$ cat input34.cif   # mmCIF, C-alpha atoms and all ligand atoms
data_input
#
loop_
_atom_site.label_atom_id
_atom_site.label_comp_id
_atom_site.auth_asym_id
_atom_site.auth_seq_id
_atom_site.Cartn_x
_atom_site.Cartn_y
_atom_site.Cartn_z
CA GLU A 1 51.17 6.14 -38.01
CA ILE A 2 48.46 3.49 -38.32
CA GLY A 3 46.22 4.29 -41.25
CA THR A 4 42.44 4.43 -41.02
CA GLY A 5 41.65 4.51 -44.74
CA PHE A 6 40.36 1.59 -46.80
CA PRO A 7 41.73 2.12 -50.31
CA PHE A 8 40.37 -1.03 -51.98
CA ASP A 9 37.86 -1.18 -54.82
CA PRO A 10 34.84 -3.35 -53.93
CA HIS A 11 34.54 -6.76 -55.56
CA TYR A 12 31.37 -8.84 -55.35
CA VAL A 13 30.63 -12.52 -55.97
CA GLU A 14 27.19 -14.14 -55.80
CA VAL A 15 27.22 -16.94 -53.21
CA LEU A 16 24.18 -19.06 -52.23
CA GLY A 17 21.81 -16.39 -53.53
CA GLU A 18 23.71 -13.63 -51.70
CA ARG A 19 26.40 -11.14 -52.60
CA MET A 20 29.70 -11.37 -50.67
CA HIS A 21 32.11 -8.42 -50.75
CA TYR A 22 35.88 -8.85 -50.90
CA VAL A 23 39.19 -7.07 -51.34
CA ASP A 24 41.29 -8.37 -54.25
CA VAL A 25 44.69 -6.77 -54.88
CA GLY A 26 48.20 -7.76 -55.80
CA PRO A 27 49.33 -9.80 -58.79
CA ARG A 28 46.94 -12.21 -60.51
CA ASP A 29 49.19 -15.26 -60.71
CA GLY A 30 50.93 -17.31 -58.03
CA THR A 31 49.41 -18.66 -54.83
CA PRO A 32 46.76 -16.33 -53.35
CA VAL A 33 46.75 -15.18 -49.73
CA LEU A 34 43.25 -15.46 -48.22
CA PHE A 35 42.63 -13.21 -45.20
CA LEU A 36 39.73 -14.16 -42.90
CA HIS A 37 38.47 -11.70 -40.26
CA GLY A 38 36.34 -12.69 -37.25
CA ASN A 39 34.02 -11.02 -34.70
CA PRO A 40 33.03 -8.11 -34.82
CA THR A 41 35.39 -6.96 -37.59
CA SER A 42 35.55 -7.08 -41.41
CA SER A 43 38.23 -6.96 -44.12
CA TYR A 44 38.87 -3.51 -42.60
CA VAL A 45 40.94 -5.26 -39.90
CA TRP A 46 43.45 -6.21 -42.64
CA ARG A 47 43.75 -2.75 -44.23
CA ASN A 48 47.24 -2.18 -42.81
CA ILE A 49 48.49 -5.78 -43.28
CA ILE A 50 47.65 -6.18 -46.98
CA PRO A 51 50.04 -3.41 -48.16
CA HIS A 52 52.95 -5.59 -46.99
CA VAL A 53 51.79 -8.65 -48.95
CA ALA A 54 50.30 -7.20 -52.19
CA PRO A 55 53.78 -6.42 -53.66
CA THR A 56 54.33 -10.18 -54.15
CA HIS A 57 51.03 -12.11 -53.76
CA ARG A 58 47.37 -11.81 -54.62
CA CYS A 59 45.47 -10.73 -51.47
CA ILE A 60 41.86 -11.88 -51.11
CA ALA A 61 40.02 -10.60 -48.05
CA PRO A 62 36.27 -11.35 -48.01
CA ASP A 63 33.67 -9.95 -45.66
CA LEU A 64 31.96 -12.86 -43.88
CA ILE A 65 28.27 -13.16 -44.72
CA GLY A 66 26.29 -10.86 -42.45
CA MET A 67 29.24 -8.50 -42.02
CA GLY A 68 31.32 -5.77 -43.62
CA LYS A 69 29.91 -4.88 -47.03
CA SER A 70 28.55 -8.36 -47.66
CA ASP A 71 24.80 -8.94 -47.86
CA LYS A 72 22.90 -9.45 -44.61
CA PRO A 73 20.31 -12.19 -45.13
CA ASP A 74 17.98 -13.00 -42.24
CA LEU A 75 19.71 -16.20 -41.03
CA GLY A 76 20.54 -17.79 -37.71
CA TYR A 77 24.23 -17.21 -38.48
CA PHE A 78 25.24 -20.51 -36.91
CA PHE A 79 28.90 -21.28 -37.43
CA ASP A 80 27.76 -23.80 -40.07
CA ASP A 81 26.16 -20.98 -42.05
CA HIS A 82 29.56 -19.28 -42.21
CA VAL A 83 31.24 -22.57 -43.17
CA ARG A 84 28.79 -23.03 -46.07
CA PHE A 85 29.09 -19.44 -47.22
CA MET A 86 32.91 -19.45 -47.04
CA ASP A 87 33.09 -22.83 -48.79
CA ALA A 88 30.96 -21.27 -51.52
CA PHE A 89 33.08 -18.11 -51.70
CA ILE A 90 36.30 -20.08 -52.17
CA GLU A 91 34.79 -22.22 -54.95
CA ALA A 92 33.12 -19.24 -56.65
CA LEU A 93 36.56 -17.62 -57.05
CA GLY A 94 38.08 -20.79 -58.44
CA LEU A 95 40.78 -20.89 -55.77
CA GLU A 96 42.97 -23.98 -55.89
CA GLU A 97 45.97 -23.73 -53.56
CA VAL A 98 45.94 -20.98 -50.92
CA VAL A 99 47.87 -19.45 -48.05
CA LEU A 100 45.66 -18.62 -45.04
CA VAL A 101 45.96 -15.51 -42.85
CA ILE A 102 43.28 -15.96 -40.20
CA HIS A 103 42.04 -14.34 -36.99
CA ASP A 104 39.43 -15.13 -34.31
CA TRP A 105 36.35 -16.73 -35.94
CA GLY A 106 38.06 -16.47 -39.34
CA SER A 107 40.66 -18.86 -37.90
CA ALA A 108 37.98 -21.43 -37.06
CA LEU A 109 36.77 -21.16 -40.67
CA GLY A 110 40.32 -21.39 -42.01
CA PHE A 111 41.48 -24.29 -39.85
CA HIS A 112 38.25 -26.21 -40.53
CA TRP A 113 38.67 -25.66 -44.26
CA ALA A 114 42.33 -26.67 -44.09
CA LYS A 115 41.50 -29.93 -42.28
CA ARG A 116 39.05 -30.78 -45.07
CA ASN A 117 41.35 -29.65 -47.92
CA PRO A 118 44.82 -30.29 -46.51
CA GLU A 119 46.45 -30.60 -49.93
CA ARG A 120 45.31 -27.10 -50.95
CA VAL A 121 46.82 -25.21 -47.98
CA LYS A 122 50.42 -24.12 -48.50
CA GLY A 123 50.74 -22.21 -45.21
CA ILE A 124 48.80 -20.73 -42.31
CA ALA A 125 49.53 -17.47 -40.50
CA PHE A 126 47.24 -17.07 -37.51
CA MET A 127 46.71 -14.97 -34.41
CA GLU A 128 44.26 -14.90 -31.51
CA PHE A 129 42.45 -17.94 -32.90
CA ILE A 130 39.59 -20.17 -31.72
CA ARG A 131 40.79 -23.02 -29.50
CA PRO A 132 39.01 -25.07 -26.83
CA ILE A 133 38.74 -23.18 -23.52
CA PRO A 134 38.07 -25.97 -20.97
CA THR A 135 37.42 -23.58 -18.04
CA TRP A 136 36.40 -19.93 -17.75
CA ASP A 137 39.55 -19.57 -15.62
CA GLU A 138 41.39 -19.53 -18.98
CA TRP A 139 39.33 -16.52 -20.18
CA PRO A 140 40.88 -13.16 -19.24
CA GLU A 141 39.48 -12.07 -15.89
CA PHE A 142 38.79 -8.49 -17.01
CA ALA A 143 36.61 -9.89 -19.83
CA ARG A 144 34.92 -12.85 -18.10
CA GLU A 145 31.70 -11.34 -16.70
CA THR A 146 30.66 -9.68 -19.97
CA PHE A 147 31.34 -12.72 -22.13
CA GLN A 148 29.37 -14.88 -19.68
CA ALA A 149 26.52 -12.37 -19.99
CA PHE A 150 26.82 -12.47 -23.81
CA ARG A 151 26.17 -16.23 -23.59
CA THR A 152 22.80 -15.89 -21.87
CA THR A 153 19.39 -16.25 -23.39
CA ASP A 154 17.95 -12.76 -22.77
CA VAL A 155 20.65 -10.60 -21.17
CA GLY A 156 23.02 -11.56 -23.99
CA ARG A 157 20.78 -10.35 -26.81
CA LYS A 158 19.88 -7.19 -24.90
CA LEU A 159 23.59 -6.29 -24.67
CA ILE A 160 24.70 -7.26 -28.17
CA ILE A 161 21.62 -6.82 -30.36
CA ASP A 162 19.73 -4.04 -28.56
CA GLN A 163 22.54 -2.00 -26.98
CA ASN A 164 25.33 -2.92 -29.48
CA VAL A 165 27.80 -3.64 -26.67
CA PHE A 166 30.03 -5.93 -28.74
CA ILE A 167 30.81 -3.00 -31.07
CA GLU A 168 30.81 -0.09 -28.61
CA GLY A 169 32.50 -1.82 -25.68
CA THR A 170 34.08 -5.16 -26.48
CA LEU A 171 35.78 -4.16 -29.73
CA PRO A 172 37.81 -1.25 -28.25
CA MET A 173 38.54 -3.45 -25.20
CA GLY A 174 40.17 -5.83 -27.71
CA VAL A 175 42.86 -3.26 -28.65
CA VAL A 176 45.58 -1.91 -26.35
CA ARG A 177 45.84 1.49 -28.04
CA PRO A 178 42.60 3.54 -28.27
CA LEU A 179 40.63 3.05 -31.47
CA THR A 180 39.77 6.43 -33.01
CA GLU A 181 36.27 7.60 -33.91
CA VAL A 182 37.18 7.24 -37.60
CA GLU A 183 38.20 3.61 -37.04
CA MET A 184 35.15 3.02 -34.86
CA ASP A 185 32.83 4.40 -37.54
CA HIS A 186 34.23 1.88 -40.03
CA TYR A 187 33.51 -0.93 -37.57
CA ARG A 188 30.07 0.45 -36.66
CA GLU A 189 28.93 0.90 -40.27
CA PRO A 190 27.66 -2.65 -41.00
CA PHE A 191 25.66 -2.80 -37.75
CA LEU A 192 23.85 0.53 -37.45
CA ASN A 193 20.53 -1.32 -37.55
CA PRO A 194 19.71 -3.70 -34.63
CA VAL A 195 18.21 -6.22 -37.02
CA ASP A 196 21.66 -6.76 -38.60
CA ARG A 197 23.40 -7.74 -35.33
CA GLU A 198 22.56 -11.46 -35.16
CA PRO A 199 26.10 -12.53 -36.21
CA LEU A 200 27.56 -10.46 -33.36
CA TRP A 201 25.56 -12.49 -30.82
CA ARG A 202 25.77 -15.98 -32.33
CA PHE A 203 29.60 -15.86 -32.43
CA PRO A 204 30.30 -15.50 -28.66
CA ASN A 205 27.59 -18.14 -28.10
CA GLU A 206 29.56 -20.56 -30.33
CA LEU A 207 32.87 -20.07 -28.48
CA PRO A 208 33.92 -23.54 -27.18
CA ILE A 209 34.22 -22.66 -23.48
CA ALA A 210 33.65 -25.20 -20.66
CA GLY A 211 32.37 -27.82 -23.08
CA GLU A 212 29.62 -25.89 -24.78
CA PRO A 213 28.31 -25.71 -27.36
CA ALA A 214 29.46 -29.33 -27.62
CA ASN A 215 29.25 -29.48 -31.41
CA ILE A 216 31.63 -26.54 -31.74
CA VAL A 217 33.97 -28.02 -29.12
CA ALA A 218 34.08 -31.15 -31.30
CA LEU A 219 34.77 -29.24 -34.51
CA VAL A 220 37.51 -27.15 -32.89
CA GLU A 221 39.10 -30.21 -31.26
CA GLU A 222 39.11 -31.86 -34.70
CA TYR A 223 41.07 -29.13 -36.45
CA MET A 224 43.44 -28.56 -33.51
CA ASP A 225 44.31 -32.27 -33.72
CA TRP A 226 44.86 -31.89 -37.47
CA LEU A 227 47.07 -28.85 -36.84
CA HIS A 228 49.21 -30.76 -34.33
CA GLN A 229 49.89 -33.49 -36.92
CA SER A 230 50.12 -31.40 -40.10
CA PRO A 231 53.52 -30.44 -41.54
CA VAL A 232 52.08 -27.27 -43.11
CA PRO A 233 54.16 -24.11 -42.51
CA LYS A 234 52.67 -22.23 -39.56
CA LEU A 235 53.22 -18.67 -38.35
CA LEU A 236 51.68 -17.60 -35.02
CA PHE A 237 51.41 -13.98 -33.86
CA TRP A 238 50.73 -13.33 -30.19
CA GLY A 239 50.73 -10.41 -27.78
CA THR A 240 50.70 -9.65 -24.06
CA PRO A 241 48.35 -10.34 -22.33
CA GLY A 242 46.30 -11.51 -25.35
CA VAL A 243 42.71 -12.67 -25.01
CA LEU A 244 42.21 -16.06 -26.69
CA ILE A 245 45.92 -16.93 -26.75
CA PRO A 246 47.86 -15.87 -23.62
CA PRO A 247 51.68 -15.83 -23.79
CA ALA A 248 52.05 -19.24 -22.10
CA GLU A 249 49.64 -20.84 -24.57
CA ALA A 250 51.55 -19.23 -27.45
CA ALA A 251 54.84 -20.63 -26.15
CA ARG A 252 53.35 -24.12 -25.73
CA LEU A 253 52.02 -24.01 -29.29
CA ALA A 254 55.37 -22.95 -30.72
CA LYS A 255 56.81 -26.22 -29.37
CA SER A 256 53.87 -28.59 -29.98
CA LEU A 257 52.83 -27.58 -33.51
CA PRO A 258 55.16 -28.77 -36.33
CA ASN A 259 56.97 -26.23 -38.51
CA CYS A 260 55.63 -23.37 -36.40
CA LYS A 261 57.28 -19.98 -35.94
CA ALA A 262 55.90 -17.69 -33.23
CA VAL A 263 56.22 -13.89 -33.26
CA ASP A 264 55.80 -11.60 -30.23
CA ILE A 265 54.08 -8.40 -31.40
CA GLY A 266 54.32 -6.72 -28.00
CA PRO A 267 51.32 -5.33 -26.14
CA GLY A 268 48.17 -6.86 -27.60
CA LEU A 269 44.70 -8.19 -26.76
CA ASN A 270 42.49 -9.62 -29.52
CA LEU A 271 42.75 -7.34 -32.60
CA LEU A 272 46.53 -7.69 -32.82
CA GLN A 273 46.37 -6.20 -36.33
CA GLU A 274 45.32 -2.86 -34.77
CA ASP A 275 48.21 -2.70 -32.28
CA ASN A 276 51.18 -3.69 -34.44
CA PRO A 277 50.17 -4.02 -38.12
CA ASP A 278 53.65 -3.17 -39.37
CA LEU A 279 55.32 -6.13 -37.66
CA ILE A 280 52.51 -8.52 -38.61
CA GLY A 281 52.53 -7.61 -42.30
CA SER A 282 56.28 -7.40 -42.62
CA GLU A 283 56.68 -10.82 -40.96
CA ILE A 284 54.01 -12.42 -43.15
CA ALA A 285 55.86 -11.04 -46.17
CA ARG A 286 59.23 -12.47 -45.19
CA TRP A 287 57.63 -15.76 -44.13
CA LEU A 288 55.92 -15.95 -47.55
CA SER A 289 59.22 -15.46 -49.34
CA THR A 290 60.71 -18.53 -47.58
CA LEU A 291 57.78 -20.88 -48.21
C1 LIG B 301 36.69 -13.85 -31.18
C2 LIG B 301 36.85 -13.20 -29.79
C3 LIG B 301 36.78 -11.65 -29.83
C4 LIG B 301 37.44 -11.00 -28.60
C5 LIG B 301 37.17 -9.47 -28.48
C6 LIG B 301 37.83 -8.78 -27.24
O1 LIG B 301 37.27 -9.35 -26.09
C7 LIG B 301 37.80 -8.94 -24.84
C8 LIG B 301 37.13 -7.64 -24.36
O2 LIG B 301 35.93 -7.84 -23.62
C9 LIG B 301 36.02 -7.30 -22.29
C10 LIG B 301 34.68 -7.14 -21.51
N1 LIG B 301 33.69 -6.83 -22.51
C11 LIG B 301 32.85 -5.65 -22.59
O3 LIG B 301 32.17 -5.67 -23.57
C12 LIG B 301 32.59 -4.51 -21.57
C13 LIG B 301 33.09 -4.48 -20.26
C14 LIG B 301 32.74 -3.45 -19.39
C15 LIG B 301 31.84 -2.46 -19.80
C16 LIG B 301 31.41 -1.29 -18.89
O4 LIG B 301 32.10 -0.24 -18.91
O5 LIG B 301 30.39 -1.36 -18.15
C17 LIG B 301 31.30 -2.52 -21.07
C18 LIG B 301 30.32 -1.43 -21.53
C19 LIG B 301 30.92 -0.28 -22.34
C20 LIG B 301 32.32 -0.23 -22.36
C21 LIG B 301 32.97 0.77 -23.08
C22 LIG B 301 32.21 1.71 -23.76
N2 LIG B 301 32.93 2.76 -24.51
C23 LIG B 301 34.37 2.69 -24.83
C24 LIG B 301 30.81 1.66 -23.74
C25 LIG B 301 30.15 0.66 -23.03
SI1 LIG B 301 28.37 0.56 -22.97
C26 LIG B 301 27.64 2.20 -22.30
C27 LIG B 301 27.61 0.35 -24.72
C28 LIG B 301 27.85 -0.82 -21.96
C29 LIG B 301 26.49 -1.08 -21.77
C30 LIG B 301 26.09 -2.15 -20.98
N3 LIG B 301 24.66 -2.41 -20.79
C31 LIG B 301 27.05 -2.99 -20.38
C32 LIG B 301 28.40 -2.75 -20.56
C33 LIG B 301 28.80 -1.66 -21.36
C34 LIG B 301 31.66 -3.54 -21.94
CL CL B 302 33.01 -13.95 -30.43
#

$ encode --input "input34.cif" --output "structure tokens" --more "lines below"
Ligand SMILES: *CCCCCCOCCOCCNC(=O)c1ccc(C(=O)O)c(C2=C3C=C/C(=[NH+]\C)C=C3[Si](C)(C)c3cc(N)ccc32)c1
Ligand SMILES: [Cl-]
Amino acid sequence: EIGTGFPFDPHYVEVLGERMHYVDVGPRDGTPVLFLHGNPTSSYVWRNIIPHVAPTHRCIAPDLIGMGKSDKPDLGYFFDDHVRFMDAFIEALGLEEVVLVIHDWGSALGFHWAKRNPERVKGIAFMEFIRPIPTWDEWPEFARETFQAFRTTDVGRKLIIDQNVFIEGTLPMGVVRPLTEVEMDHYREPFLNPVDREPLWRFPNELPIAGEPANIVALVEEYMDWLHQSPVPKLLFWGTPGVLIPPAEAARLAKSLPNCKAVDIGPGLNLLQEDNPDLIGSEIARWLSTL
């Protein structure tokens, strides 16, 4: 059984003139656990992880601006927009020290925030995260042609914005098991209108692959260097074959990053939370108890 329900009351905070939605469960005191989704998901991707953590820790899981149940202003949705909005979210809630649980573009936000606030980060659990991809040869072959098309001027927007391919095709292709129509409807909901799909297109165009965009390569290189030197507790989840993090990369990272434990979740692509949520939540819980 992998549940499809989303049993969390909505919470809203005004951020930069916009309303961000977030899950907020678990006890009120202690160090909070901040869950950051990426593309094209929402806090829904955490729905089956949170129940393992909420017994002992506050769980905060925002919807990135432009996604989930957060407001959808008409922005460019550059990565820097997300940085600013997430910076504002974290300050609006008065968070001081945090534990990060981060995935895909949420990992770029989390690592970049950690680099800038190293004293406030007590631990980082991460999976299928943004790292530099020097050559397309490192991108999974089955996925290469479409992601190259996503990163084109016209074809890319036709696929993602007009035809909604990132939601209808790429998202299920990021899960080994078949996503159900109930799960798919939850993921479709925020993007039923083409005009709301800009974030879905800007994100693959900011992936640091083969040196571009250079400014994002730089930012990602910066926080990977910080991660290699930081003593912060680290917990890495990976699967086979993965997408961003293939098994060989995961093994390398388990040796090169300090204080890093790596967990094999079995078959997985990008949305590892959808293929083995029970292992991922139970391991985060036991890791949290030893911090
Ligand atoms: C932060 C990183 C996030 C990583 C997410 C996972 O990424 C890896 C998966 O991407 C693999 C390739 N991506 C595709 O989007 C893809 C590949 C092939 C095809 C195809 O069948 O032609 C499509 C495609 C599909 C695929 C499945 C569908 N239903 C389950 C529906 C489609 Si439609 C009819 C919307 C479609 C239209 C067009 N014009 C091109 C391709 C597809 C997608
Ligand atoms: Cl992406």

$ residues_near_ligand --input "input34.cif" --ligand "ligand LIG 301 (chain B)" --cutoff "9 Å" --atoms "all atoms listed in the file" --output "PDB file with C-alpha atoms, in the coordinates of the input"
ATOM      1  CA  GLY A  38      36.340 -12.690 -37.250  1.00  0.00           C
ATOM      2  CA  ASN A  39      34.020 -11.020 -34.700  1.00  0.00           C
ATOM      3  CA  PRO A  40      33.030  -8.110 -34.820  1.00  0.00           C
ATOM      4  CA  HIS A 103      42.040 -14.340 -36.990  1.00  0.00           C
ATOM      5  CA  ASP A 104      39.430 -15.130 -34.310  1.00  0.00           C
ATOM      6  CA  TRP A 105      36.350 -16.730 -35.940  1.00  0.00           C
ATOM      7  CA  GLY A 106      38.060 -16.470 -39.340  1.00  0.00           C
ATOM      8  CA  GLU A 128      44.260 -14.900 -31.510  1.00  0.00           C
ATOM      9  CA  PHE A 129      42.450 -17.940 -32.900  1.00  0.00           C
ATOM     10  CA  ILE A 130      39.590 -20.170 -31.720  1.00  0.00           C
ATOM     11  CA  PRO A 140      40.880 -13.160 -19.240  1.00  0.00           C
ATOM     12  CA  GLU A 141      39.480 -12.070 -15.890  1.00  0.00           C
ATOM     13  CA  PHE A 142      38.790  -8.490 -17.010  1.00  0.00           C
ATOM     14  CA  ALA A 143      36.610  -9.890 -19.830  1.00  0.00           C
ATOM     15  CA  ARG A 144      34.920 -12.850 -18.100  1.00  0.00           C
ATOM     16  CA  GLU A 145      31.700 -11.340 -16.700  1.00  0.00           C
ATOM     17  CA  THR A 146      30.660  -9.680 -19.970  1.00  0.00           C
ATOM     18  CA  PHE A 147      31.340 -12.720 -22.130  1.00  0.00           C
ATOM     19  CA  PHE A 150      26.820 -12.470 -23.810  1.00  0.00           C
ATOM     20  CA  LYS A 158      19.880  -7.190 -24.900  1.00  0.00           C
ATOM     21  CA  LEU A 159      23.590  -6.290 -24.670  1.00  0.00           C
ATOM     22  CA  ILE A 160      24.700  -7.260 -28.170  1.00  0.00           C
ATOM     23  CA  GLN A 163      22.540  -2.000 -26.980  1.00  0.00           C
ATOM     24  CA  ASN A 164      25.330  -2.920 -29.480  1.00  0.00           C
ATOM     25  CA  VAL A 165      27.800  -3.640 -26.670  1.00  0.00           C
ATOM     26  CA  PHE A 166      30.030  -5.930 -28.740  1.00  0.00           C
ATOM     27  CA  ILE A 167      30.810  -3.000 -31.070  1.00  0.00           C
ATOM     28  CA  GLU A 168      30.810  -0.090 -28.610  1.00  0.00           C
ATOM     29  CA  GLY A 169      32.500  -1.820 -25.680  1.00  0.00           C
ATOM     30  CA  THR A 170      34.080  -5.160 -26.480  1.00  0.00           C
ATOM     31  CA  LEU A 171      35.780  -4.160 -29.730  1.00  0.00           C
ATOM     32  CA  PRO A 172      37.810  -1.250 -28.250  1.00  0.00           C
ATOM     33  CA  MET A 173      38.540  -3.450 -25.200  1.00  0.00           C
ATOM     34  CA  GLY A 174      40.170  -5.830 -27.710  1.00  0.00           C
ATOM     35  CA  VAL A 175      42.860  -3.260 -28.650  1.00  0.00           C
ATOM     36  CA  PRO A 178      42.600   3.540 -28.270  1.00  0.00           C
ATOM     37  CA  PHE A 203      29.600 -15.860 -32.430  1.00  0.00           C
ATOM     38  CA  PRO A 204      30.300 -15.500 -28.660  1.00  0.00           C
ATOM     39  CA  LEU A 207      32.870 -20.070 -28.480  1.00  0.00           C
ATOM     40  CA  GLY A 242      46.300 -11.510 -25.350  1.00  0.00           C
ATOM     41  CA  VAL A 243      42.710 -12.670 -25.010  1.00  0.00           C
ATOM     42  CA  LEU A 244      42.210 -16.060 -26.690  1.00  0.00           C
ATOM     43  CA  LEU A 269      44.700  -8.190 -26.760  1.00  0.00           C
ATOM     44  CA  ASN A 270      42.490  -9.620 -29.520  1.00  0.00           C
ATOM     45  CA  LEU A 271      42.750  -7.340 -32.600  1.00  0.00           C
TER      46      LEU A 271
END

$ residues_around --input "input34.cif" --residues "residue A:64" --least-positions-apart "4" --cutoff "12 Å" --atoms "all atoms listed in the file" --output "ChimeraX atom specification"
/A:15,18-23,35-44,68-73,77,79,81-90,105-106,109,190,199-200

$ closest_residue --input "input34.cif" --among "A:218, A:195, A:206, A:8" --to "residue A:62" --atoms "all atoms listed in the file"
A:8

$ atom_distance --input "input34.cif" --atom1 "atom CA of residue A:266" --atom2 "atom CA of residue A:239"
5.2 Å

$ atom_distance --input "input34.cif" --atom1 "atom CA of residue A:94" --atom2 "atom CA of residue A:114"
16.1 Å

$ closest_residue --input "input34.cif" --among "A:224, A:281, A:261, A:151" --to "ligand CL 302 (chain B)" --atoms "all atoms listed in the file"
A:151

$ atom_distance --input "input34.cif" --atom1 "atom CA of residue A:46" --atom2 "atom CA of residue A:230"
26.2 Å

$ closest_residue --input "input34.cif" --among "A:193, A:132, A:290, A:51" --to "residue A:222" --atoms "only C-alpha atoms"
A:132

$ closest_residue --input "input34.cif" --among "A:208, A:123, A:10, A:27" --to "ligand CL 302 (chain B)" --atoms "only C-alpha atoms and all ligand atoms"
A:208

$ closest_residue --input "input34.cif" --among "A:57, A:202, A:252, A:234" --to "ligand CL 302 (chain B)" --atoms "all atoms listed in the file"
A:202

$ closest_residue --input "input34.cif" --among "A:67, A:254, A:149, A:49" --to "residue A:189" --atoms "only C-alpha atoms"
A:67

$ residues_around --input "input34.cif" --residues "residue A:183" --least-positions-apart "2" --cutoff "10 Å" --atoms "all atoms listed in the file" --output "list in words"
residues 3, 4, 5, 44, 45, 178, 179, 180, 181, 185, 186, 187, 188 and 274 of chain A

$ residues_around --input "input34.cif" --residues "residue A:135" --least-positions-apart "5" --cutoff "10 Å" --atoms "all atoms listed in the file" --output "PyMOL selection string"
chain A and resi 208-211
